[PDB]
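Peer 1: Using only what follows, build the 3D model:
(7 chains, ligands or ions: 21)
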Amino acid sequence: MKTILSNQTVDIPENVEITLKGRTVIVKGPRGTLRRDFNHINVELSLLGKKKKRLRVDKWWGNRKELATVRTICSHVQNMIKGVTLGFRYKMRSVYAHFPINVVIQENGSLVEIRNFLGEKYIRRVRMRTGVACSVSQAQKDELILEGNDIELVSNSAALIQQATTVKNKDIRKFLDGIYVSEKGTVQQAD
Amino acid sequence: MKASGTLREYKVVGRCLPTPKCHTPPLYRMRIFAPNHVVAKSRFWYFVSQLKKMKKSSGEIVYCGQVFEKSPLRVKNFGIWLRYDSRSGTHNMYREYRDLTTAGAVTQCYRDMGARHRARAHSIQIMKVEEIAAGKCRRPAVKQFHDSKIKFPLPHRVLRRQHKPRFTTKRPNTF
Amino acid sequence: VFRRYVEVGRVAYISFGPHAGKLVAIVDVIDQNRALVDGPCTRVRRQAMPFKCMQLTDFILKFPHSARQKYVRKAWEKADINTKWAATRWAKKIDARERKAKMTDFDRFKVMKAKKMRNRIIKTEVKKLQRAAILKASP
Amino acid sequence: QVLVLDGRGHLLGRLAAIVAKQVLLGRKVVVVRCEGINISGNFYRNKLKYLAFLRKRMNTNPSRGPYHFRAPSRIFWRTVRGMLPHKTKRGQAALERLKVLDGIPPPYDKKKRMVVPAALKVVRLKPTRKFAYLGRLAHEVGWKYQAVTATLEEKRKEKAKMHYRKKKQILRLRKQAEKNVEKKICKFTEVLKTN
RNA sequence: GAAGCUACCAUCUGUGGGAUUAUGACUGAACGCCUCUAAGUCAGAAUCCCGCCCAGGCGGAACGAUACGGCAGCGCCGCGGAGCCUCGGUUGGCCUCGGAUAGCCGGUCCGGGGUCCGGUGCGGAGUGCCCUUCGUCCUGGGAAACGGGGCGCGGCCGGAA
RNA sequence: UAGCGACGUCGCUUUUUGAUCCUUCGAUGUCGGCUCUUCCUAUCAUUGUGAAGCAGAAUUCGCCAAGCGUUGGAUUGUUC
RNA sequence: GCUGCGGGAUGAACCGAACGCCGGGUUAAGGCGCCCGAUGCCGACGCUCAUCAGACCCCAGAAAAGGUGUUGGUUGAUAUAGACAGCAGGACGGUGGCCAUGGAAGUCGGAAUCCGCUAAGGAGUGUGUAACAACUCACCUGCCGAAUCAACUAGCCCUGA
Ligand SMILES: [Mg+2]
Ligand SMILES: [Mg+2]
Ligand SMILES: [Mg+2]
Ligand SMILES: [Mg+2]
Ligand SMILES: [Mg+2]
Ligand SMILES: [Mg+2]
Ligand SMILES: [Mg+2]
Ligand SMILES: [Mg+2]
Ligand SMILES: [Mg+2]
Ligand SMILES: [Mg+2]
Ligand SMILES: [Mg+2]
Ligand SMILES: [Mg+2]
Ligand SMILES: [Mg+2]
Ligand SMILES: [Mg+2]
Ligand SMILES: [Mg+2]
Ligand SMILES: [Mg+2]
Ligand SMILES: [Mg+2]
Ligand SMILES: [Mg+2]
Ligand SMILES: [Mg+2]
Ligand SMILES: [Mg+2]
Ligand SMILES: [Mg+2]
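Peer 2: Numbers count the residues shown, from 1 in each chain, chains lettered A, B, ... in the order given. Ligands and ions are numbered 1, 2, ... in the order given. Next up is the structure itself:
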């Protein structure tokens, strides 16, 4: 019905600095930096306040389908702040009912080599997206920790790893085997 | 009915011919929205025939006068009652509009009905038009304007002059 | 971003229409497509004009919403919009366009003759400034 | 006597109609940088339309049938030919006035390009509407010179950048000279008649 | 039974890239939560296109030679002279990229950041320069030290789509 | 409601037959078989998929899907 | 048929209109992005996004049914005596109640269907066990905090195709 104004405010901590040359948002924090182009949203972004620096997102004369993106923008900024402050760590555990899945890292966790998945001789090589590092965690059996900054990259690499081990021509209910993302959290705690 | 251009309010009074069985008819009055007095009288005859036993031959129109708005400079809110007829069946409706004139609100109602429901002017019966206050406005599209200190820009304004400098080295800033 | 807003008390310029070339004061917004405009001191009556018909300016006036003419003209005179309107780079460009359109044949001839004297000296000085910059950047 | 119309940002039909109407009058039109012509609608939608056009072909002899072009300049040329009366002598004579070209060649890099605002995507389509680039659409179907086109475009852009820097330096020197010679140049006529 | 033709009746060879469909997914609001979608991302195939291969357009490029013999003949530069066929124009504009919820100009400092002007664009194509000049001669004021045209010389190819 | 689904009801097709006789009576050579090209999809198999009363195997129901194949004979003029 | 002419691209019957040869003006039906004359109006309001859009009587294509895709309407029911969603807690006793029997202890069945402390628990909305156990729901409550839920109706679009 062409709503007049739709505004959403996002708070910013003291650790991270955020900047905008336009719809482009750049967040600089303790662990690396993030930058995203929002040229396909068509929404106003303005930071205001000293020592607080709250970011408001404003939409004027938007329909029911256009008023939805003003919250997705704030959610993306929240995810960027969370990843640049604490980071995103996905623990993926592998179910290996009979055949043990042998996962190894190739080059600084940028490449995952999976051997002996359901007894197949095929070697599955999955490369991680830039900025995501994977490792075999200790004090636990058959798990992989994938740590990074950008959530849309960490979860993308996790989904790639999960879909690499997929049963074919067999039952999906039966033959429960493969690496599934068990836990999702941050690298830094107490926040 | 065509409802071409802008509509006009007409107060139309009418009564049956004095018959030997009874004289001095009740002289019924109506308030019709029509582009001109001819179709105003026609619609008045149609409505009074649908309501009571009256026809153009057995009856007559005493007075038909243009009605001007009592406050053309004030922004008012109007509640329109519709008795429209769809492709399947006829339905009643209550709409709300914001305009300066009653005829303007009726024009907006006709255009909005024809646009949103594909209802031609043939099957639209304006039941009641009354000015309502801002407190009794149930429509959110109208209620969103009952706020003082209202501020909003005009973003992405069209060029509107695409063909006057049809050939140029410019790219419109649109801001 | 978006340093201009329509509101109760915004003075706007009419780009086209029957009152093209005049300033009006937006009293209130009606139906998100047209607004009531007063323009008491600009010789225009109170009426409704579309948003796309008007162009926004920088000056803002303090009116109560749906105020009368005796209360909007007083604030217009208090803000003193008319005299300060000529002291801007926008009305000056508009008047410049009007004068260029009102040019006559003698005026065009005089402008053409003055261009010969004006542009040539500028060109002969640019030819010296360029060589001066070249000699400066030579070592 | 020629009209050098830029291609980037303009809609296919919205620009082709204007060019077809202006060519029948006698103005020689040259459409430059045709790989940037945008097309309204989804990219997959336009791809499906182009593939449905490709499917149409004479059965008994495909060589002696509909000639499907893969270059975006030739696509724009066929679009303009669809509006021009090419089966008559007037349209045949007008077809040479139109010169559709990919990239900005040497004969046209130095000429200033014109923009038709009646065909610009910014004023034609809503900011939420999807559009497809003719360059990518053509490259996805049997076009091979997109890489070299982009390379030559980068080269000519790096050249025009230095040219504009020189022009801006000249403009700065001109403004400095104008501010320097305040005396001996009154030119009250220029201000009274507003340039 | 030579040579030649011939046989799945002998012999050799038959090859990969992209955008994606169906589908499974990432982030994620609408709708406090959820959701593969509403804006954005990922994988994706005998299907689609191209790569390999087949023929090359009223398509164009690079290079060689370009008419002896005895009077010739044909090219390049500089040329003055006449006549015939064609159809069209009555100053030329020598250029940044890029967006349209943003960008232009100017700049101290450490290609980017900050600050200062302009912003219904005036360092603007509703623009700007050459310009609207009939010619010759005498003589005054302003501007002009580049001179002002080149059948002229040397240095650079300045620029390959 | 994996797979069917009666009593009812709504659609597509001219690969059957039938209804009418609009062009053809100074003639359009009227069955079948052999050879050969192309197209369609309502997919038998093959490529990639979803669901089962899918433990595996073998199967059944759909989705994008016509690129590639869909044979050798006994009797019948036979289509079948 | 006995009939030309302007529109329906095309045409026997459609819409206007009927016909000597010409110049000027206007118009019916129809149309104004280019073919092709005219919207190159600083036209108005609103709907619509399709990976099969849609685009004008005869006329050259489609139905029943469905959509948490949007846009309007109607009848209603809840909510500061703090709802709808989300997070967390309780979800009992008479009673493993009466007809059955290889097993029915709320959960395959027929009839029924109440009672007491409570802040609320239904002789119990579903998953599961051959049955018991277990999960879960109606219901009440703790945190948040102000609107929200359900059924029909018809315009475009989509599946049906
Ligand atoms: Mg199996
Ligand atoms: Mg080819
Ligand atoms: Mg062979
Ligand atoms: Mg998908
Ligand atoms: Mg017959
Ligand atoms: Mg014969
Ligand atoms: Mg024959
Ligand atoms: Mg085939
Ligand atoms: Mg006869
Ligand atoms: Mg007759
Ligand atoms: Mg007739
Ligand atoms: Mg006709
Ligand atoms: Mg009739
Ligand atoms: Mg008729
Ligand atoms: Mg005439
Ligand atoms: Mg008409
Ligand atoms: Mg025309
Ligand atoms: Mg359909
Ligand atoms: Mg037709
Ligand atoms: Mg037919
Ligand atoms: Mg509906």
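Peer 1: RNA strand G contacts on chain C?
Peer 2: Within chain C, the positions adjacent to RNA strand G are C:15-16, C:20, C:31-33, C:50, C:52 by CB under 7 Å from any atom of the strand. Yep, even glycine has a C-beta here, placed from its N, CA and C like the rest.
Peer 1: Tally up the residues packed near residue A:44, please.
Peer 2: Around residue A:44 there are 17 other residues, counting by other CB atoms under 10 Å in any protein chain shown.
Peer 1: hey, what's the residue nearest to it when sequence neighbours are not counted bridged with?
Peer 2: Nearest non-adjacent residue to residue A:44, counting by CB to CB, 6 or more residues apart in numbering or on different chains: residue A:58, 4.1 Å away. Under DSSP bridges, the beta-bridge partners of residue A:58 are residue A:7, residue A:44.
Peer 1: Give me the buried subset of the residues of chain C next to RNA strand G.
Peer 2: C:31-32 (16 or more other CB atoms under 10 Å in any protein chain shown).
Peer 1: Take the residues of chain C next to RNA strand G and lay them out in CSV including secondary structure and distance to residue A:39.
Peer 2: Shown next, in CSV, are the residues of chain C next to RNA strand G (DSSP: H, G, I helix; E, B strand; the rest coil; distance: CB to CB, whole Å):
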residue, secondary structure, distance to residue A:39
C:15, coil, 30
C:16, coil, 32
C:20, coil, 36
C:31, coil, 32
C:32, coil, 27
C:33, coil, 28
C:50, strand, 30
C:52, helix, 26
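Peer 1: about what we covered before: okay, now the residue nearest to residue A:44: neighbour count?
Peer 2: 17.
Peer 1: That one and residue A:25, how far apart?
Peer 2: The gap separating residue A:58 from residue A:25 is 15 Å, by CB to CB, to the nearest Å.
Peer 1: Repeat that for residue A:129.
Peer 2: 20 Å.
Peer 1: more crowded one of these two?
Peer 2: Counted by other CB under 10 Å, residue A:129 and residue A:25 do not tie: residue A:25 has more neighbours, with 21 against 15.
Peer 1: What separation is there between the more buried one and residue A:32?
Peer 2: 15 Å.
Peer 1: next one: residue B:156
Peer 2: 35 Å.
Peer 1: gap between the two ends of stretch A:124-139?
Peer 2: Length of stretch A:124-139, first residue to last, CA to CA, to the nearest Å: 25 Å.
Peer 1: How about stretch D:27-40?
Peer 2: 28 Å.
Peer 1: Could you do stretch D:46-66 as well?
Peer 2: 19 Å.
Peer 1: Looking from RNA strand F, tell me which residue of chain A is nearest.
Peer 2: As assessed by CB to the nearest atom of the strand, RNA strand F sits closest to residue A:171 within chain A, at 3.3 Å.
Peer 1: Chain C too?
Peer 2: residue C:32 (43.3 Å).
Peer 1: what residues are up against that residue?
Peer 2: By CB atoms under 8 Å, 6 or more residues apart in numbering or on different chains, the contact list for residue C:32 reads A:2, A:4, A:61, B:145.
Peer 1: Can you name the helix or strand that the most centrally placed residue in chain B falls in?
Peer 2: The residue lying closest to the centre of chain B (CA atoms, centre = their mean) is residue B:106, at 1.5 Å. For residue B:106, the host element (DSSP states H and E) is helix B:102-116.
Peer 1: can you tell me the residue of chain A closest to chain C?
Peer 2: residue A:44 (5.7 Å; CB to the nearest CB).
Peer 1: Was I right to think residue A:63 contacts residue A:2?
Peer 2: Yes: counting by CB atoms under 8 Å, residue A:63 does reach residue A:2; the two are 6.8 Å apart.
Peer 1: Return the residues of chain A in contact with RNA strand F.
Peer 2: Residues of chain A lying near RNA strand F (CB under 7 Å from any atom of the strand): A:166, A:168-175.
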